[PDB]
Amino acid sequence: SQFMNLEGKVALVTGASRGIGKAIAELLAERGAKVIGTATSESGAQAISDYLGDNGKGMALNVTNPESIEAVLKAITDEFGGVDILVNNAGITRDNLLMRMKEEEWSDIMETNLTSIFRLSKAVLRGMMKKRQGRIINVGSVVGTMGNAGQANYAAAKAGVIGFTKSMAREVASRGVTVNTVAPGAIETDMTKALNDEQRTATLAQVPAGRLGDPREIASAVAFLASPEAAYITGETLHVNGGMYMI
């Protein structure tokens, strides 16, 4: 149908090897987007090419390196046309209580989780603004809004992405580009599977819904914001957290 139909759109999904990023890339492809998913390695890129088949391809991308960004965007533009949907999903953690947090743990998080968003967003915006049509969707975290002990760095970067997102939204709204954040709660991934039974129970205790989210549930929220139907949503943070926090 014509409902939430992404046929004709080119989507770049960073960090698409697994979990949330993979669910996003698959669902955008299922709704008809041409999808380029990225990984930090060539092997990862191949795994992405494998799951996307004819609906797109995987590319190696170093989100902290300007030259890589330019090379990947050039390859995309040449084959598929300019990027219509950017999903910034790449991100890491470097957890530690503040008194134990190293300078490098702080600066790696800023680089990978916040500065990357500045760089990639800037790199795709010009084309979107010329077409007067675009979507930038940041995959954030409930931690950016709630805060979390032991994650002051991750929380800082995720909250920073929201301030960036609002400002960019204001800059580009009149030219038909929307900029939003999807903020997952506790989602079932490799990270949550690596927890103790006691830590899993503690996580679930914070969730009124009484379960972890599925990566598909994050993908659905992203696909929604990516759609023509979400044109009047901008500068928004869509929380998908099972009631863990309510704004």
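Numbers follow the displayed sequence, beginning with 1.
Taking the mean C-alpha B-factor of each stretch as recorded, 86 to 94 and 140 to 148 are not equal, and the higher mean is that of 86 to 94.
Stretches 76 to 84 and 167 to 175 differ in mean CA B factor, with 76 to 84 having the higher one. The maximum CA B-factor among the listed residues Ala219, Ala33, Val182, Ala194, taken from the PDB record, is found at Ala194. Residues shown: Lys158, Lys130, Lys122, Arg135. Highest C-alpha temperature factor in the entry: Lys130. When the modelled residues of the chain are ordered by C-alpha B-factor, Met110 sits in the middle third. In this PDB entry, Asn5 carries a Cα temperature factor that places it within the middle third of its chain's modelled residues. When the modelled residues of the chain are ordered by C-alpha B-factor, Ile162 sits in the lowest third.
Residue-level temperature factors show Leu204 in the highest third of its chain, judged at the C-alpha atom. Placement of the Cα temperature factor of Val63 within the chain: highest third of the modelled residues, per the deposited record.
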